[PDB]
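First the structure, in the form of structure tokens, and then the observations on it.
Protein chains in written order, with the entry's author numbering: chain C, 1 to 128; chain A, 1 to 127.
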């Protein structure tokens, strides 16, 4: 129980709509309240969103960043407020391979959690 | 059911031993057969592991890479063979902070599964 903030870089691109909407739905299925914050590819809007999320005292943040400067600053602010952040994105490697990524500074000491998540992801993929 | 390959960069460090053991246990709990391949910090052995995994027809790969550049080529070969890869690792970011990473060649077009996993990570962290 608690509330999770879903911060998405945009909602005019389908990949991000699916990401934001599915994350909200899964949080609600697990017993959380969840709200989507749309940064609209704007640094100031993303920063304003973190202002409200920190003020509201959300329990966790699912964060799709708009860049690699103001966004890491916003993550730092959430950490100082004691709010864990789990970042989600997709990118293209130097050789062209596209990869979808989840990362977080919270769980580096928890190999059991990371192993279970990776296997559960593979399981959901294979069974569908 | 199915069969997953667990490719670990080394079995000479506790974090990686626990990672590999837990991945094998979780795969079995979820109804899969699982096999561990120890790369022993050797890109040649990692590549040879992917050689045998592709030939054996594994259904999924849980991948802890030895290197950043050379190991991405193994993710390509698996994708070329139609085997989905789910990578788990830890790195040091540009600000010098340790970061835990889970990533895949899947969910780059329809990220429903990755979205759910990110929320489950947060939930398990909170509980």
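No residue lacks a Cβ here, since even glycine has one placed at the ideal position from N, Cα and C.
### Task
Mind listing the chain A neighbours of residue 112 (chain C)? Cutoff is C-beta to C-beta under 7 Å, in chain order.
As a first step, residue 112 (chain C) is located in the first chain; it is residue number 112 there, counting from the start. Those within 7 Å of residue 112 (chain C) in chain A are 18, 22.
### CB contact check: residue 41 (chain C) to chain A, cutoff 7 Å
For the purposes of this step, residue 41 (chain C) is taken as residue 41 along the first chain, with counting starting at 1. False, the Cβ-Cβ gap to chain A never drops below 7 Å.
### Partner residues on chain C for residue 5 (chain A), Cβ-Cβ distance less than 7 Å
To locate residue 5 (chain A), count along the second chain from 1; it is residue 5. Here the premise fails: no neighbours, minimum Cβ distance about 10 Å.
### Query
Straight-line CA distance for residue 35 (chain C) to residue 4 (chain C)?
For this step, residue 35 (chain C) is matched to residue 35 along the first chain. For this step, residue 4 (chain C) is matched to residue 4 along the first chain. Answer to the nearest angstrom: the Cα atoms are 7 Å apart.
### Query
Would residue 108 (chain C) count as contacting chain A if we go by Cβ distances under 7 Å?
Looking up residue 108 (chain C) in the first chain gives position 108. Closer than 7 Å to some Cβ of chain A, the Cβ of residue 108 (chain C) qualifies, so yes.
### Query
Can you find a CB in chain B that lies within less than 7 Å of the CB of residue 77 (chain C)?
Structure shown: chain B not included; protein chains present are C and A.
### Interface residues of chain A facing residue 38 (chain C) [CB-CB closer than 7 Å]
As a working mapping, residue 38 (chain C) is identified with position 38 in the first chain. Per Cβ cutoff of 7 Å: no residues; residue 38 (chain C) is ~16 Å from chain A at best.
### Task
Give every residue of the same chain whose Cβ lies closer than 7 Å to the Cβ of residue 105 (chain A), excluding the five residues on either side of it in the sequence, and list them in chain order.
Within the second chain, residue 105 (chain A) is the residue found at index 105, counting from 1. So the list reads 75, 79, 84, 85, once near-sequence residues are dropped.
### Query
How is the beta strand (DSSP E) around residue 31 (chain C) delimited, first residue to last?
Taking the first chain and counting its residues from 1, one reaches residue 31 (chain C) at position 31. Residue 31 (chain C) -> no beta strand (DSSP E), and no H or E assigned at all.
### Query
Can you tell me whether residue 90 (chain A) is buried or exposed, with buried defined as 16 or more other CB within 10 angstroms of its CB?
Locating residue 90 (chain A) in the second chain gives position 90, counting from the first residue. That one is buried.
### Query
Cβ of residue 124 (chain C) versus every heavy atom of the ligand NAP: is any distance shorter than 6 Å?
In the structure on display, the ligand NAP does not appear, and there are no ligands present to speak of.
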